[PDB]
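> The structure under discussion is supplied below as structure tokens; questions concerning it will follow.
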There are 8 protein chains.
Amino acid sequence: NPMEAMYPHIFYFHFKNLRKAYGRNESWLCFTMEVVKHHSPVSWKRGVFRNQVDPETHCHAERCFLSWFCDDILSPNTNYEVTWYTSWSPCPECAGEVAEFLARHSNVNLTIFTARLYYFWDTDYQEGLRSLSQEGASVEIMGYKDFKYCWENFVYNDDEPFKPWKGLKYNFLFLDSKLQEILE
Amino acid sequence: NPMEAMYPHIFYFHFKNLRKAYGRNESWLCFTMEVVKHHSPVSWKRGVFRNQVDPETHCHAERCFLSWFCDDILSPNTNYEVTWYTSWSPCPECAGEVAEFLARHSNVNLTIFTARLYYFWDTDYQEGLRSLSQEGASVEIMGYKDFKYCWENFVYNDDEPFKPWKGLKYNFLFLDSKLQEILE
Amino acid sequence: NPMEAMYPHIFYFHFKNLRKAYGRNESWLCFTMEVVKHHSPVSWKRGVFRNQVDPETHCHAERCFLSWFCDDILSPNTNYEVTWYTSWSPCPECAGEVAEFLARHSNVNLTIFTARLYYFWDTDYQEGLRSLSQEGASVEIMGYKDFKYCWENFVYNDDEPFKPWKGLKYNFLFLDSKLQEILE
Amino acid sequence: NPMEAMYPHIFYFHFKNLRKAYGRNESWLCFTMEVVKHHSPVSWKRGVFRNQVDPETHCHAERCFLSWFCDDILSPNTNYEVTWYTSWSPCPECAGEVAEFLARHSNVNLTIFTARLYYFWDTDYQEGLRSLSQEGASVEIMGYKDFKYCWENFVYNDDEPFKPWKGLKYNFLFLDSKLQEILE
Amino acid sequence: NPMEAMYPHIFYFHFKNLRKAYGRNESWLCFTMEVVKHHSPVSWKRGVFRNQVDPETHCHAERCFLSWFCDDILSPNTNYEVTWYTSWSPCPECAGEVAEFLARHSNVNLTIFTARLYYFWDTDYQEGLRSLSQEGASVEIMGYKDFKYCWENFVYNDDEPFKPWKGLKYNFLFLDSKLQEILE
Amino acid sequence: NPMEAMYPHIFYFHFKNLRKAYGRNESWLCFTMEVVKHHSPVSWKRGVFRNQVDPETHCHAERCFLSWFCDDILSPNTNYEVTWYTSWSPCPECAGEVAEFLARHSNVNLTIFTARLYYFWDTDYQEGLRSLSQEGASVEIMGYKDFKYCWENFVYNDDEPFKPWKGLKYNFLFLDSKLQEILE
Amino acid sequence: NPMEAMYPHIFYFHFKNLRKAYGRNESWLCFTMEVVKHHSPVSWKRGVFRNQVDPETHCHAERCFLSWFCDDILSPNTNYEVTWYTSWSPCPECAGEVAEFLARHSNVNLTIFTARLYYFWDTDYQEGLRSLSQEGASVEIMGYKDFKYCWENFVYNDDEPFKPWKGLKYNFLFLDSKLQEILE
Amino acid sequence: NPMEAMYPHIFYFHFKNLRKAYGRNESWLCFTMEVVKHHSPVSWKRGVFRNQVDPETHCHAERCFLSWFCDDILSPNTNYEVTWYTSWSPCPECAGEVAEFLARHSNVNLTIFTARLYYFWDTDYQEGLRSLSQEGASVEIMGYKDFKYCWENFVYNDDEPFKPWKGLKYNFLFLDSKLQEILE
DNA sequence: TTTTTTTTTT
DNA sequence: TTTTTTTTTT
Ligand SMILES: [Zn+2]
Ligand SMILES: [Zn+2]
Ligand SMILES: [Zn+2]
Ligand SMILES: [Zn+2]
């Protein structure tokens, strides 16, 4: 960890936007970096993060990524532009913590695509999610478009084409509508 | 270790006999024993073995079966009918590590059925994979008939039809001829 | 430098206004001048500029045009009508490096038409790209009409129809709105 | 150099198997590495090599790759399995030189796919090509299958699907037949 | 006649608002009544009507509803809230046959929602379909909202989600404008 | 009747080769004629036949078609070449009766494709089916190929592409194998 | 004649919307009828008409169809709804003559799709084309959509998919724009 | 009649050896003669024959060649090497009409190569097509090699490569076996 | 995939 | 793409 590829099921079992469908007690994060040292080349970085369960360093993926990014990368005076493809979305208290990283780290920009939502009625979630988009970080909901790109590059697809499910395009509409309301 | 079966999704993945199958950082060993103490009912011994990548004993799944069958089982003066179903062909130091085993334990007869072959161009694999079928064992490629077997006895198929995958017979044949070239 | 035109294949590539357009490690600047010494025929000045990544002068294509137009051309007391067609939006230190130029050389009027925008989230780009159209210049996104122009005057099209590409108008619009957001 | 992606035309202008069609005075090589340190992880390496023209270090791609592989990589006691997708095939005297690298470097295995052939009547070519397959290195001719995989991974495709030409499947047949005769 | 509901498969078929929809040799009429005798509980009356093509009474589904509502129901001095859901727009001799009905039975208020329009170019349809909404009725095209209604109250949906079909809203809109052109 | 098109479900509910899957108490026949009057043009004829249930003229489709073909068509001295796409195959005693029509009617040739089989152990069926192929009439089993052509031309498809099911390609294999044995 | 299918080339040589591209001295018409006898079934009729060159009965397809429709069909009191897919459009004096047929024949409605235009500057053409749409007959320009349906049903396609050309989608735009101006 | 060659588009159409090839209401006969008067230079005679469907002589292309070769050519006491290339297999009354010809004109040797077979189930075709190759002629199916020949000698290919079509060899083989079954 | 394309249709 | 599928057809 961080591993660079989800096994075909790990993707389906944890990336299906099935709201009231109980079956996800963890969260996965897929990303793509973008290093830009003012007057120097531009390199890429991609991978996958899972929630930890060992003695220490719990982190719900979102956090686990911030750790990896701080003491490992985070180059002085250089810019960054990361993209996320989270599954069990920034948790009620995570979304807020992430929005405060982009705070004391202006050299980094972020774009977040998510499959589900830790409920759209929870206060903490409305807080951290609204405050996240206030710090300049576009938060959208994975549609058929995003699930394809996410399956083709972060899954040991064995060269198999993405196969959509019943409800995808719907739950997108419903998840997007209920987000565009909280993200007003 | 020794667990009794593999979940459905786990099987179809680590057992797909592909050439480009990238993502299998572990080999799986399945088996059916057949104990004949001569003066009792013919008993058996099923099971499955995931490999190892932890602190103690970094056994390549094949190495862990010998340790389990050496002291827990193996009754002096009793013929054994062992049948494997390895996903990842026997590794270099393992192909010989088993040939030396089969050598001393004459009462043990073996016949292996692999799904994929580990770098068939290499010598060290051909050395072991050769002297191995030269002992009394028999190395063979899993065809449709064999895979079917596993989906019935070594997986929690939940009473479900096999359903192969494009290029099973094709990959099978090519793998067989590439083996029969070496195995001589 | 200053070459007169781009080969067909070279144009369609470095000029495709895409969002994910990865592979453009150089910016291209096209232009049409219009010299009016007031008491003579209205002359012009065409051309194209590839950037630099060699030993001497690491000018970002935009920096090399100022050096070429500073001493070789530019006749004191003569209005200039400059029109660019940059593939890669003006870089941070260049957006301002040109605003300070346009400042002193009042007789020089400019209007830029970019194909793609260089990290619009960043501040340093918005600083320059703002004070630039605040000088007397005008930054704008290349639409279908503009691209067409180039394929006629800055490329060895060999007498051939334009033929856009999927997502030209779409990418165009989104890029325009993202610019009009900053440009204020 | 070695760069990691060919611009769309560089691919078409140099990878089209148009025998008597004069228009290729250079050669390109696309590859994929495969590091295997006995009991350690397995990393990948991909890129592109072009013929040099600078003062020294000429090399026709084939050679340029051997240089890069020697003093840079080539890890002691570790194995390697490279694959090539050459354009202007191993030159009359290169094919032979490559076959002699695989000689004093048994830890490395090779597979070569090519678009055209430096003529199939040239002695030196029959020598080096026959001697190349003698050192254990399968040399085949790119078909529609190979050109697709080669275009989708080594070309700034801008996410565009491979588009085949008139003669591809034919010249394959003719190039493969005239190779299976020399590679008897 | 009057049956209470349509099987799932039957609905999606005879109700697909298509332009080329060929194969509907029968019209279906669905309805919800709302009886208000003023001095009693507000009751209702559901139902569905298949047309006719048998020996006696060749009523076009619409003609059969009037016969059923004329003597079996219709209590003098009681307001009626009728709502139809015809698949096939009211036929020529039917559009007027209903306008003359609505005329005399003033206590009857109606509002129709059709799925498809029967040859809108013809006059005889426009004559009826005009004087019909000029009586107190109201002819309208079934949009997504209305179709949904039916899949809930007039079909044995077996507790299942609606799931429209490509070109529902598209065909809907075009049909609406083609109606609003006539209906004037 | 004979109608010229099956409603989408009538096709699925009656053309699915689900052996022990009880749910087909009737039979449907889809066909294509071919008139050839020695030295005259060549016209076509297509349609669909369902089993009758009225007072008289029962016939299980197979028969209903022979009736229609006798007193209606069957032109003297002219040839015919019909093709069938039957669902609930020639019944134990029908297959035989059909084989005896081709007897006293040599001017007619036949080709039969079927979805299921009225069991392959029934004597009468082995009789009539073996005797049917003896009279020159190729009897095969609908595969994915046949179901597509059969769905695209004999079903009010509303311009929708054929959508295959779970078991199709399998039951074909099993039905074809068990037929090639009886049709020895 | 009227034949019911164009040979693959006859379609390409005469249905390509290549304005100034000289190579069409004749005209072809593809159609689909629609009989509707008030309270009777609804039958279809399709075919192809070519310009005559024999001694008499010249007619430029458009006319040849009116002849066939008059003394042959044209049933009293019954309605009709025809559709055209003309190639060398209603000639300057034909378009007008067609518009006057729809005059003394109100029971017939028409929809015309065309590939090219007998020039959009010719008076007679502006007359007959404007007067044609005045008599209630929608005249549009074949796009990719129309050419597909037209190729799949009126051409001996040998089961081959429609293959579009260079300029189709463009000339449509240009032909549609220059028509929406005259059809104001 | 006798014309020297077929236009490109005409060939590929009437010569496509398909099973469902519907649309060929005419047969084409190609041929190469080889006159040997024994005491002169070996001359030849090329040509092509379209069938007939006009007032006088309704010859089926094959019947018209006999009339042309009976009086215009055919010099008593001179061996003839005739080779046909019929698109449509010899018709019933023609297969025998030629067998009776070959019978009397012994000095005439023939060998036919057909593209498609006319209703091979029929008897009258087998009668002729049998006694025909029993005379000294030889009926055979056009494979890839033969078709190629025609595209070189009987068509205005305008110096262009053959380019077969999907299912040429496949249809070829099946047609050959179906012929070899009869031809016995 | 629960309702509609983004410039010149290999 | 110059002639033919490799196990259970979202
Ligand atoms: Zn720089
Ligand atoms: Zn190890
Ligand atoms: Zn005739
Ligand atoms: Zn009626």
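Naming works like this for the structure tokens: A, B, ... for the chains as they're shown, residue 1 at the start of each chain, ligands 1 onward in shown order.
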Counting only C-alpha atoms (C1' of nucleotides), what is within 9 Å of stretch 117-134 of chain G, bar same-chain residues fewer than 2 positions away, as a ChimeraX atom specification?
/G:17,19,87-100,102,114-115,136-139,175,178-179,182-184
> If you run DSSP on the backbone here, which positions in stretch 29-183 of chain F get strand (DSSP E)? Please write them as a PyMOL selection string.
chain F and resi 29-32+35-36+46-50+79-86+108-114+137-141
> For ligand 2, collect every residue having any atom at a distance of at most 10 Å from a ligand atom (counting only C-alpha atoms (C1' of nucleotides) and all ligand atoms); output as a short mmCIF file (atom, residue, chain, number, x, y, z; two decimals) with N, CA and C atoms, in the first residue's frame.

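So selection.cif came out as:
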```cif
data_model
loop_
_atom_site.label_atom_id
_atom_site.label_comp_id
_atom_site.auth_asym_id
_atom_site.auth_seq_id
_atom_site.Cartn_x
_atom_site.Cartn_y
_atom_site.Cartn_z
N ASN B 51 -0.44 -18.37 -1.00
CA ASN B 51 1.00 -18.34 -0.74
C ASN B 51 1.28 -17.51 0.53
N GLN B 52 2.50 -17.02 0.65
CA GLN B 52 2.90 -16.21 1.81
C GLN B 52 3.74 -15.01 1.41
N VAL B 53 3.60 -13.92 2.17
CA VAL B 53 4.35 -12.68 1.97
C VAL B 53 4.35 -11.95 3.32
N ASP B 54 4.41 -12.72 4.40
CA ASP B 54 4.42 -12.18 5.76
C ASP B 54 5.75 -12.48 6.45
N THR B 57 8.17 -17.56 7.50
CA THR B 57 7.98 -18.47 6.36
C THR B 57 7.39 -17.86 5.09
N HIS B 58 8.27 -17.40 4.20
CA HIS B 58 7.87 -16.80 2.92
C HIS B 58 7.72 -17.92 1.88
N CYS B 59 6.96 -18.96 2.25
CA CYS B 59 6.73 -20.11 1.38
C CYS B 59 5.85 -19.74 0.17
N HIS B 60 6.22 -20.24 -1.01
CA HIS B 60 5.48 -19.94 -2.22
C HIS B 60 4.27 -20.85 -2.45
N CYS B 91 7.55 -22.53 -8.96
CA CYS B 91 8.71 -21.65 -9.05
C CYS B 91 10.02 -22.46 -9.13
N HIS D 38 14.53 -12.35 -8.67
CA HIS D 38 14.19 -13.63 -8.02
C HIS D 38 13.08 -13.61 -6.95
N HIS D 39 13.39 -13.10 -5.76
CA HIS D 39 12.40 -13.02 -4.69
C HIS D 39 12.16 -11.57 -4.30
N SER D 40 11.61 -10.82 -5.24
CA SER D 40 11.31 -9.40 -5.05
C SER D 40 10.16 -9.06 -6.02
N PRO D 41 9.52 -7.88 -5.85
CA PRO D 41 8.42 -7.47 -6.73
C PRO D 41 8.77 -7.44 -8.23
#
```
> As an exercise, work out the distance from atom CA of residue D:47 to atom CA of residue D:84 in Å and give it to one decimal place.
10.2 Å
> Within 10 Å of chain J, which residues of chain F show up when using only C-alpha atoms (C1' of nucleotides), listed as a PyMOL selection string?
chain F and resi 143-144+163-173
> Restricted to N, CA, C and O atoms, what would the selected residues look like written as an mmCIF file, in the first residue's frame?

```
data_model
loop_
_atom_site.group_PDB
_atom_site.id
_atom_site.type_symbol
_atom_site.label_atom_id
_atom_site.label_comp_id
_atom_site.auth_asym_id
_atom_site.auth_seq_id
_atom_site.Cartn_x
_atom_site.Cartn_y
_atom_site.Cartn_z
ATOM 1 N N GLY F 143 -28.899 -20.981 -33.319
ATOM 2 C CA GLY F 143 -27.786 -20.549 -32.491
ATOM 3 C C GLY F 143 -27.907 -19.043 -32.333
ATOM 4 O O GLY F 143 -28.971 -18.491 -32.609
ATOM 5 N N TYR F 144 -26.851 -18.367 -31.894
ATOM 6 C CA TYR F 144 -26.933 -16.919 -31.752
ATOM 7 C C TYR F 144 -27.185 -16.321 -33.132
ATOM 8 O O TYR F 144 -27.927 -15.355 -33.282
ATOM 9 N N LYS F 163 -31.046 -8.812 -28.123
ATOM 10 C CA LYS F 163 -30.347 -8.911 -26.852
ATOM 11 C C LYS F 163 -30.381 -10.360 -26.348
ATOM 12 O O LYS F 163 -31.421 -10.843 -25.886
ATOM 13 N N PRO F 164 -29.238 -11.072 -26.448
ATOM 14 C CA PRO F 164 -29.072 -12.467 -26.022
ATOM 15 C C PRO F 164 -29.192 -12.701 -24.515
ATOM 16 O O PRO F 164 -29.067 -11.772 -23.716
ATOM 17 N N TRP F 165 -29.423 -13.958 -24.144
ATOM 18 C CA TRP F 165 -29.600 -14.345 -22.747
ATOM 19 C C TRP F 165 -28.554 -15.318 -22.202
ATOM 20 O O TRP F 165 -27.658 -15.773 -22.920
ATOM 21 N N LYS F 166 -28.691 -15.627 -20.914
ATOM 22 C CA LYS F 166 -27.795 -16.547 -20.225
ATOM 23 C C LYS F 166 -28.166 -17.990 -20.541
ATOM 24 O O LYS F 166 -29.224 -18.463 -20.132
ATOM 25 N N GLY F 167 -27.296 -18.683 -21.270
ATOM 26 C CA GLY F 167 -27.560 -20.070 -21.603
ATOM 27 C C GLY F 167 -27.737 -20.342 -23.081
ATOM 28 O O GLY F 167 -27.625 -21.485 -23.522
ATOM 29 N N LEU F 168 -28.015 -19.296 -23.851
ATOM 30 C CA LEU F 168 -28.216 -19.438 -25.284
ATOM 31 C C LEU F 168 -27.133 -20.302 -25.925
ATOM 32 O O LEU F 168 -27.391 -21.437 -26.314
ATOM 33 N N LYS F 169 -25.921 -19.771 -26.020
ATOM 34 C CA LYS F 169 -24.806 -20.496 -26.628
ATOM 35 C C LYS F 169 -24.544 -21.877 -26.029
ATOM 36 O O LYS F 169 -23.955 -22.737 -26.683
ATOM 37 N N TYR F 170 -24.966 -22.094 -24.788
ATOM 38 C CA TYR F 170 -24.748 -23.390 -24.155
ATOM 39 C C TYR F 170 -25.790 -24.379 -24.630
ATOM 40 O O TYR F 170 -25.458 -25.407 -25.221
ATOM 41 N N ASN F 171 -27.054 -24.063 -24.364
ATOM 42 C CA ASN F 171 -28.153 -24.926 -24.769
ATOM 43 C C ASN F 171 -28.081 -25.243 -26.264
ATOM 44 O O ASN F 171 -28.582 -26.275 -26.709
ATOM 45 N N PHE F 172 -27.457 -24.363 -27.041
ATOM 46 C CA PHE F 172 -27.302 -24.623 -28.464
ATOM 47 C C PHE F 172 -26.392 -25.839 -28.553
ATOM 48 O O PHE F 172 -26.753 -26.861 -29.126
ATOM 49 N N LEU F 173 -25.210 -25.716 -27.964
ATOM 50 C CA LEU F 173 -24.239 -26.797 -27.967
ATOM 51 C C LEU F 173 -24.871 -28.111 -27.516
ATOM 52 O O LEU F 173 -24.739 -29.134 -28.188
#
```
> Give me, as a list in words, the contact residues of chain B against chain A at a cut-off of 8 Å, counting only C-alpha atoms.
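Here is what falls inside 8 Å: residues 9, 13, 20, 21, 22 and 23 of chain B.
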> Would you mind writing down, as a PyMOL selection string, each residue of chain H that DSSP on the backbone assigns to helix (DSSP H, G or I)?
chain H and resi 8-14+62-71+92-104+123-131+144-153+168-182
